[PDB]
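The lines below spell out each chain.
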Amino acid sequence: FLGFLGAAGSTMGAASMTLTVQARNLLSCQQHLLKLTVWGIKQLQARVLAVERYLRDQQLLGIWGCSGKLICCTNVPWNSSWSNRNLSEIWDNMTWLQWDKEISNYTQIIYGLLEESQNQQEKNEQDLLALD
Amino acid sequence: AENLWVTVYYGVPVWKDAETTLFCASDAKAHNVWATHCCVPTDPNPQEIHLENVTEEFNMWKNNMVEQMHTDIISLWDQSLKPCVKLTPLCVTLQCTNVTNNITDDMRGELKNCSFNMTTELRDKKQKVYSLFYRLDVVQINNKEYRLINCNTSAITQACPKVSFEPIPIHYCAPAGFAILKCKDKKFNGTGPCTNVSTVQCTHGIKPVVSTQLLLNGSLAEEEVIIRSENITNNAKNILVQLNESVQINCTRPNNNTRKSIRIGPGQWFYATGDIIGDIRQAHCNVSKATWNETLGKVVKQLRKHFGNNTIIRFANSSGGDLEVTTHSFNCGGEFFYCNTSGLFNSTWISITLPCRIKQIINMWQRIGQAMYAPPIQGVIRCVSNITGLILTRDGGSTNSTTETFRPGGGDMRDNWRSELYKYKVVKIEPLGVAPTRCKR
Amino acid sequence: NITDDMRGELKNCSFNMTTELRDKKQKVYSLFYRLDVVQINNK
Amino acid sequence: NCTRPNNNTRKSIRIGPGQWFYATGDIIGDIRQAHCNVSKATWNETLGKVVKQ
Ligand SMILES: *[C@@H]1O[C@H](CO)[C@@H](O[C@@H]2O[C@H](CO)[C@@H](O[C@@H]3O[C@H](CO[C@H]4O[C@H](CO)[C@@H](O)[C@H](O)[C@@H]4O)[C@@H](O)[C@H](O[C@H]4O[C@H](CO)[C@@H](O)[C@H](O)[C@@H]4O[C@H]4O[C@H](CO)[C@@H](O)[C@H](O)[C@@H]4O)[C@@H]3O)[C@H](O)[C@H]2NC(C)=O)[C@H](O)[C@H]1NC(C)=O
Ligand SMILES: *[C@@H]1O[C@H](CO[C@@H]2O[C@@H](C)[C@@H](O)[C@@H](O)[C@@H]2O)[C@@H](O[C@@H]2O[C@H](CO)[C@@H](O)[C@H](O)[C@H]2NC(C)=O)[C@H](O)[C@H]1NC(C)=O
Ligand SMILES: *[C@@H]1O[C@H](CO)[C@@H](O[C@@H]2O[C@H](CO)[C@@H](O)[C@H](O)[C@H]2NC(C)=O)[C@H](O)[C@H]1NC(C)=O
Ligand SMILES: *[C@@H]1O[C@H](CO)[C@@H](O[C@@H]2O[C@H](CO)[C@@H](O)[C@H](O)[C@H]2NC(C)=O)[C@H](O)[C@H]1NC(C)=O
Ligand SMILES: *[C@@H]1O[C@H](CO)[C@@H](O[C@@H]2O[C@H](CO)[C@@H](O)[C@H](O)[C@H]2NC(C)=O)[C@H](O)[C@H]1NC(C)=O
Ligand SMILES: *[C@@H]1O[C@H](CO)[C@@H](O[C@@H]2O[C@H](CO)[C@@H](O)[C@H](O)[C@H]2NC(C)=O)[C@H](O)[C@H]1NC(C)=O
Ligand SMILES: *[C@@H]1O[C@H](CO)[C@@H](O[C@@H]2O[C@H](CO)[C@@H](O)[C@H](O)[C@H]2NC(C)=O)[C@H](O)[C@H]1NC(C)=O
Ligand SMILES: *[C@@H]1O[C@H](CO)[C@@H](O[C@@H]2O[C@H](CO)[C@@H](O)[C@H](O)[C@H]2NC(C)=O)[C@H](O)[C@H]1NC(C)=O
Ligand SMILES: *[C@@H]1O[C@H](CO)[C@@H](O)[C@H](O)[C@H]1NC(C)=O
Ligand SMILES: *[C@@H]1O[C@H](CO)[C@@H](O)[C@H](O)[C@H]1NC(C)=O
Ligand SMILES: *[C@@H]1O[C@H](CO)[C@@H](O)[C@H](O)[C@H]1NC(C)=O
Ligand SMILES: *[C@@H]1O[C@H](CO)[C@@H](O)[C@H](O)[C@H]1NC(C)=O
Ligand SMILES: *[C@@H]1O[C@H](CO)[C@@H](O)[C@H](O)[C@H]1NC(C)=O
Ligand SMILES: *[C@@H]1O[C@H](CO)[C@@H](O)[C@H](O)[C@H]1NC(C)=O
Ligand SMILES: *[C@@H]1O[C@H](CO)[C@@H](O)[C@H](O)[C@H]1NC(C)=O
Ligand SMILES: *[C@@H]1O[C@H](CO)[C@@H](O)[C@H](O)[C@H]1NC(C)=O
Ligand SMILES: *[C@@H]1O[C@H](CO)[C@@H](O)[C@H](O)[C@H]1NC(C)=O
Ligand SMILES: *[C@@H]1O[C@H](CO)[C@@H](O)[C@H](O)[C@H]1NC(C)=O
Ligand SMILES: *[C@@H]1O[C@H](CO)[C@@H](O)[C@H](O)[C@H]1NC(C)=O
Ligand SMILES: *[C@@H]1O[C@H](CO)[C@@H](O)[C@H](O)[C@H]1NC(C)=O
Ligand SMILES: *[C@@H]1O[C@H](CO)[C@@H](O)[C@H](O)[C@H]1NC(C)=O
Ligand SMILES: *[C@@H]1O[C@H](CO)[C@@H](O)[C@H](O)[C@H]1NC(C)=O
Ligand SMILES: *[C@@H]1O[C@H](CO)[C@@H](O)[C@H](O)[C@H]1NC(C)=O
Ligand SMILES: *[C@@H]1O[C@H](CO)[C@@H](O)[C@H](O)[C@H]1NC(C)=O
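Residues numbered from 1 in each chain as written, not as in the entry; some residues may be left out. Chains lettered and ligands numbered in written order. Part of a larger assembly, values for the part shown. Heavy atoms only, no water.

- Judging from the entry metadata, cryo-EM is the method by which this structure was determined, and 3.7 Å is the reported resolution.

Dropping the structure here:
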């Protein structure tokens, strides 16, 4: 908790340097909870949900071939229709909150393409003469 | 022709508005109900982070943190009373007299001496007992025969004479995956964007104080009196006035009481009000006239700001309805006072003693079906508190700009929390995102 | 006003029961179906 | 088609503080027996299908 959100106003490029700050903070009595068994449930539900959300994101990175990475490259080309901007307009002079608002509607298109790309890559690994 | 390739980032600082459940935490240092349901300590030095260049929209009228305090508070009241003695056996015909010994005329007819037949610990034996009652809780049958006020409506239980309901500052904290954002900007309206924000782990300490008309013991604004409302134009809405100067109010219950323990069943005790020692006097509150008749002047200048430059502002008394609505419901020392506030709102802009009534059978505002009996306090009590804000209701909206009338209003329990949860919003953190770069596998 | 097919099917029963006060009783009555009412040892 | 032909009313009896008992009141009009109607024309065919199977 030394920047949980310190990069929020930074540009997209600059904010790429705090990815471990946000990730490490996303998976952070005695008798009362059992004597009054309403609160034991209220507390467990909050804990179970934090775990399920964490795992769903990890499963996607696994499927897309980005497991274990905070920054990962793929082979899906960027469609100009998703955002008609060049790199100097995206990485500089723009925040991640603004970018998310701009992309939002295309999130599922992009995710579907990332999954298709990884499956094609695996098919090419079961053919010993691949990519030649 | 950019030829870029959708790279993937995880741990991206993006957040969205969200509703989740917050957990309570305390100072550790604090038989009080909130000292037990607020066990987890807060950090002694909360990690607040300033967010540079962040603009965020807030709305105190749609803030779900308020709704959670309402649920948590009523939930605890309904758990604390769970193991305690039912007073069903006291719903019997009572024989009552007028308690005329050593009475101030202001108290004439206020107390009744009632005797009745009730059981002992044995199924086959009865005892004759008597106790004093306040007239508010005793209703005549069809001139000596009386019933408890709620026998045809609700069950009655005895408040546990062990459990304290004295407010303790509590803090609300976010669950993992969530964060609380705060406005530090100035003169905030309660709605709209603020440009000076920070991220926190938990809220400041908030005392769950519940009162009507006047708001006690809260945060005392900062720079000026600030008037907030959902609409202001719509006379169906309340106006919340937060003061930058507190007004000290001194309340007391002058009668020296004692108690008697009556067996009501095997292992079950009933606590009855005993004789008054010395003179019988009326309960009351003192507001310094020298502060009140200035505090309103500050409110009026700020109130005029929203209605006109040359208009008359009038403060009138409250309207009709139940004591919970028409009076200042004040909980202090363990007893429930209903004070008359007409003496505070009797003027036109262009020491004050308030009498109080005491009630023991409380049909709490929270619901209909069960009522609580509040055991009496031994000796005498005094309360000192800070008026930090007012709840006003506009009783005009008529086609006459000459003048407008305001009355004490409110009464919703949430009006006492909305003013503290005012600065906070809950958001969810969403760590994935994508963006083009000039790099492929 | 009974159809013969219903003769003996319904019973009119009165009884002493309490009111909201511990010390007071009321006399009330209601109708019952014979299936739910059993004779003690004729009224 | 099933029916209950008797026109009933209700009375509320206090049984305790905040507790009500709902009792059956007087029958309005004639007292008749409850019954169900099955079309004979369908039943004595439906069983024939069952019997073959
Ligand atoms: C806005 O904020 C203010 C400030 O916090 C708040 O006012 C404060 O309210 C609390 C509660 O009403 C007051 O606390 C009480 O003060 C009395 C005063 O006693 C003094 O003298 C005795 C003499 O021996 C000293 O021992 C004592 O330390 C004080 O000097 C206390 O007596 C109260 O304690 C008793 O009641 C408690 C209730 O749970 C018990 O837990 C405690 O053990 C005490 O009870 C014992 O003695 C009783 C005597 O008959 C006996 O019957 C019991 O069975 C038991 O043995 C308590 O401390 C506090 O002083 C107020 N502050 C000021 C400045 O007045 C406002 O109320 C708040 N406004 C709101 C919420 O609307
Ligand atoms: C870039 O994407 C377009 C299609 O995107 C459209 O808008 C999206 C929000 C969503 O609604 C899509 O379903 C839309 O189609 C691609 O153009 C499509 O190409 C296919 C190929 O056969 C064609 O059948 C579609 O009709 C085309 N859509 C349109 C509107 O003409 C385009 O090829 C993509 N470019 C790259 C480089 O991937
Ligand atoms: C908030 O915005 C200001 C400017 O709008 C940012 O300041 C710039 O920071 C870069 C960093 O190298 C400097 O080169 C610029 O000259 C600065 N601008 C000015 C006007 O001084 C500031 O960093 C932003 N805050 C965040 C968190 O990004
Ligand atoms: C992403 O979705 C939003 C809505 O969720 C789109 O905005 C709406 O677009 C329709 C188009 O007729 C308008 O009528 C709505 O008023 C718009 N809503 C808002 C809030 O402005 C948005 O255009 C979509 N973006 C893309 C790129 O398709
Ligand atoms: C309330 O009524 C009771 C009696 O029902 C009063 O108690 C009696 O007071 C006289 C005064 O000398 C005593 O001699 C009796 O022995 C008392 N009787 C009992 C049973 O204690 C009581 O004082 C009345 N209280 C008030 C405030 O008037
Ligand atoms: C946001 O509000 C805070 C108020 O808490 C401002 O912090 C104060 O800034 C003044 C500037 O001289 C300092 O003297 C105070 O001591 C600061 N207060 C605290 C508690 O440290 C802050 O500057 C405001 N930020 C913006 C951008 O206006
Ligand atoms: C306060 O609420 C009133 C009531 O809805 C709003 O005034 C009305 O707004 C509607 C919008 O279509 C108009 O058609 C009505 O004629 C308006 N009423 C009157 C009397 O003019 C009002 O704007 C709201 N004001 C604020 C500050 O929220
Ligand atoms: C609060 O106190 C005021 C006065 O101390 C009460 O006002 C009186 O109300 C009666 C009702 O008709 C009038 O006849 C008197 O003339 C009023 N007195 C004054 C000075 O105006 C008021 O009713 C009390 N409120 C409550 C809820 O009891
Ligand atoms: C008894 O109390 C009633 C309350 O209104 C009062 O009017 C009556 O005068 C009282 N009786 C005596 C003897 O004071
Ligand atoms: C207790 O019961 C007796 C029975 O006759 C009755 O006379 C007496 O008045 C009752 N006492 C009270 C206080 O109701
Ligand atoms: C209980 O009796 C009082 C007597 O005046 C009456 O006003 C009240 O409405 C009754 N309550 C119910 C629930 O019938
Ligand atoms: C009342 O206001 C004064 C003003 O400084 C403050 O010191 C005191 O602690 C306040 N009391 C309460 C109960 O908040
Ligand atoms: C409260 O606000 C008024 C507004 O004009 C101001 O004059 C007064 O000095 C303020 N009081 C404090 C304690 O700052
Ligand atoms: C403050 O609230 C009132 C009530 O809706 C509104 O009309 C006014 O524009 C608000 N002020 C700001 C700065 O949003
Ligand atoms: C209120 O002021 C009056 C003035 O004489 C005084 O007698 C009374 O005791 C005061 N009450 C409180 C609670 O201080
Ligand atoms: C409340 O009591 C304190 C006790 O010292 C006193 O100083 C103060 O002036 C009183 N407040 C009022 C409004 O009378
Ligand atoms: C109302 O009075 C204030 C006092 O300074 C002034 O600034 C404002 O312009 C006045 N408004 C109108 C409409 O005259
Ligand atoms: C309002 O003030 C006038 C001023 O003389 C006074 O006579 C009247 O009794 C006051 N009303 C209340 C309810 O105190
Ligand atoms: C008392 O209230 C009246 C209301 O109009 C006001 O005119 C008067 O100046 C106030 N007293 C003081 C000392 O300000
Ligand atoms: C009540 O009266 C008794 C009588 O001696 C006294 O001891 C006690 O202290 C008094 N309690 C008060 C005034 O709180
Ligand atoms: C009362 O009901 C019984 C039920 O079998 C019946 O035999 C008897 O004749 C009935 N009495 C009258 C008066 O109809
Ligand atoms: C009610 O009690 C009285 C007591 O004598 C008894 O005579 C009467 O028959 C009882 N009523 C019923 C319907 O049992
Ligand atoms: C059953 O058929 C008979 C034939 O007369 C009719 O009177 C009766 O109302 C019918 N019942 C139903 C439930 O339709
Ligand atoms: C049931 O009632 C409906 C009502 O229109 C009727 O058409 C149908 O024939 C009835 N069925 C039987 C089995 O009588």
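Points about the packing of aromatic side chains
And step 1. Tallied over the full model, the rule gives 16 aromatic pairs over all chains.
And step 2. Ring geometry for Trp 34 of chain B versus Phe 165 of chain B: centroids 6.5 Å apart, planes at 85°, classification edge-to-face.
And step 3. Summarising the aromatic geometry, the rings of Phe 270 of chain B and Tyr 373 of chain B are spaced 5.7 Å apart at their centres and angled 45° between planes, so their arrangement reads as tilted. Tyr 373 of chain B carries the same exposure label as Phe 270 of chain B, and that label is buried.
And step 4. One aromatic cluster is present, formed by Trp 78, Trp 82 and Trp 99 of chain A through successive ring pairs.
And step 5. Here the basic side chain of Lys 260 of chain B rests over the ring of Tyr 130 of chain B, its NZ or CZ set 3.9 Å away from the ring centre.
And step 6. Lying across the ring of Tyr 29 of chain C, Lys 11 of chain D places its NZ or CZ 3.9 Å from the centre. (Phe/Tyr/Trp six-rings, centres within 6.5 Å; stacked < 30°, edge-to-face > 60°. Buried < 20%, exposed > 50% of the residue type's maximum accessible area, 1.4 Å probe, protein only. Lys NZ or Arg CZ within 6 Å of the ring centre and 35° of its normal.)

Structural notes on the interface of chain A and chain B
And step 1. Each partner contributes to the interface: chain A provides 59 residues, whereas chain B provides 51 residues.
And step 2. Here chain A packs against chain B, burying approximately 5000 Å² in sum over the two surfaces, 69% of which is carbon and sulfur.
And step 3. Sorting the residues of chain A by area buried against chain B places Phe 1, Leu 5 and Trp 96 of chain A first, and these three jointly supply 13% of that buried surface.
And step 4. In this structure, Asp 72 of chain B and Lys 42 of chain A form a salt bridge, with 2.9 Å as the shortest nitrogen-oxygen distance.
And step 5. Where chain A touches chain B, the interface holds 16 residue pairs in polar contact.
And step 6. Breaking the side of chain A that touches chain B down by element, the ones donating at least two residues are α1 (19–23), α3 (39–64), β1 (71–72), α4 (87–90), α5 (96–103) and α6 (107–123) of chain A.
And step 7. When residues in the side of chain A that touches chain B are grouped by element, the largest group, 12 residues, is from α3 of chain A.
And step 8. Class assignment for the residues of the side of chain A that touches chain B results in 39 nonpolar, 15 polar and 5 charged.
And step 9. Relative to strand β1 (residues 7–10) of chain B, β1 of chain A is paired through 2 bridges, and the arrangement is antiparallel. Its bridge partner being in β1 of chain B, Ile 71 of chain A is matched across the sheet by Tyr 9 of chain B. (Contact = heavy atoms within 4.5 Å. Buried area = accessible area lost by both parts, 1.4 Å probe. Salt bridge = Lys/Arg side-chain N within 4 Å of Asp/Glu carboxyl O. Polar contact = N/O pair within 3.5 Å; in protein donor to acceptor, adjacent residues only side chain to side chain. Helix = DSSP H or I, 4+ residues; strand = E, 2+ residues; numbered from the N terminus. Nonpolar A, V, L, I, M, F, W, Y, C, P; charged D, E, K, R; others polar. Pairing = 2+ DSSP bridges.)

Regarding the interface of chain C and chain B
By a widespread convention, an interface's size corresponds to the accessible area lost as its parts come together.
And step 1. Listed per partner, the contact involves 5 residues of chain C and 8 residues of chain B.
And step 2. Taking both partners together, chain C and chain B bury about 610 Å²; carbon and sulfur atoms supply 49% of that area.
And step 3. Area buried by chain C at its contact with chain B is led by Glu 20, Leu 21 and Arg 22 of chain C, which between them contribute 84% of it.
And step 4. The tally of links between chain C and chain B comes to 0 salt bridges.
And step 5. Run the count over chain C and chain B and you get 4 residue pairs in polar contact.
And step 6. Residues of the side of chain C that touches chain B, tallied by class, amount to 1 nonpolar, no polar and 4 charged.

So, the state of the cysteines
All names here are of chain A.
And step 1. Applying the stated criterion to the full structure yields 11 disulfides over all chains.
And step 2. With its sulfur 2.0 Å from that of its partner, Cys 66 forms a disulfide with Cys 72. Residues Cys 66 and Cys 72 are joined by a disulfide whose S-S torsion is about -75°; by sign, that bridge is left-handed. Side by side, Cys 66 and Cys 72 carry an identical accessibility label, which is buried. (Disulfide = S-S within 2.5 Å.)

Details of the arrangement of the chains
And step 1. In this assembly 4 pairs of chains touch, with chains A and B having more contacts than any other pair.
And step 2. Nothing in chain A touches chain C; the tightest C-alpha to C-alpha distance between them is still 32 Å.
And step 3. Across the gap from chain A to chain D, with no contact made, the nearest C-alpha atoms are 27 Å apart.

Points about the sheet that holds strand β27 (residues 370–373) of chain B
And step 1. Overall, mixed pairing links the 3 strands, which are arranged β11-β27-β26 (chain B) in an open sheet. A single partner strand is all that each edge strand has here, and the edge strands are β11 (155–158) and β26 (361–362) of chain B.

So, the site of ligand 5
Residue and element names in this part refer to chain B.
And step 1. In the vicinity of ligand 5, the contacting residues are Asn 113, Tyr 130 and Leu 132.
And step 2. The separation between an oxygen atom of ligand 5 and a polar side-chain atom of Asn 113 is 2.4 Å.
And step 3. For ligand 5, the protein covers 36% of the area, taking 590 Å² as the surface of the free molecule. (Near = heavy atom within 4 Å. Areas by Shrake-Rupley, 256 points an atom, 1.4 Å probe, with all protein chains shown as cover.)

Some details on the site of ligand 23
Residue and element names in this part refer to chain D.
And step 1. In the neighbourhood of ligand 23, the contacting residues comprise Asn 1, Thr 3, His 35 and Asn 37.
And step 2. Between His 35 and ligand 23, the recorded distance is 3.0 Å, taken from a side-chain N or O atom to a nitrogen atom.
And step 3. Between ligand 23 and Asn 37, the relevant distance is 2.4 Å, taken from an oxygen atom to a side-chain nitrogen or oxygen of the residue.
And step 4. For ligand 23, the accessible surface in isolation is 360 Å², of which the surrounding protein chains cover 37%.
And step 5. For the shell around ligand 23, a count of residues per class yields no nonpolar, 4 polar and no charged.

Looking at the environment of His 32 of chain A
And step 1. Along the chain, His 32 of chain A turns up in helix α2 (residues 32–35).
And step 2. Judged by relative accessible area, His 32 of chain A falls into the buried class, the value being 11%.
And step 3. Taking the C-alpha atoms as reference points, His 32 of chain A and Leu 131 of chain A, separated by 99 residues in sequence, lie 63 Å from one another.
And step 4. Residue contacts for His 32 of chain A: discarding those within four places in its chain leaves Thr 36 and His 37 of chain B.

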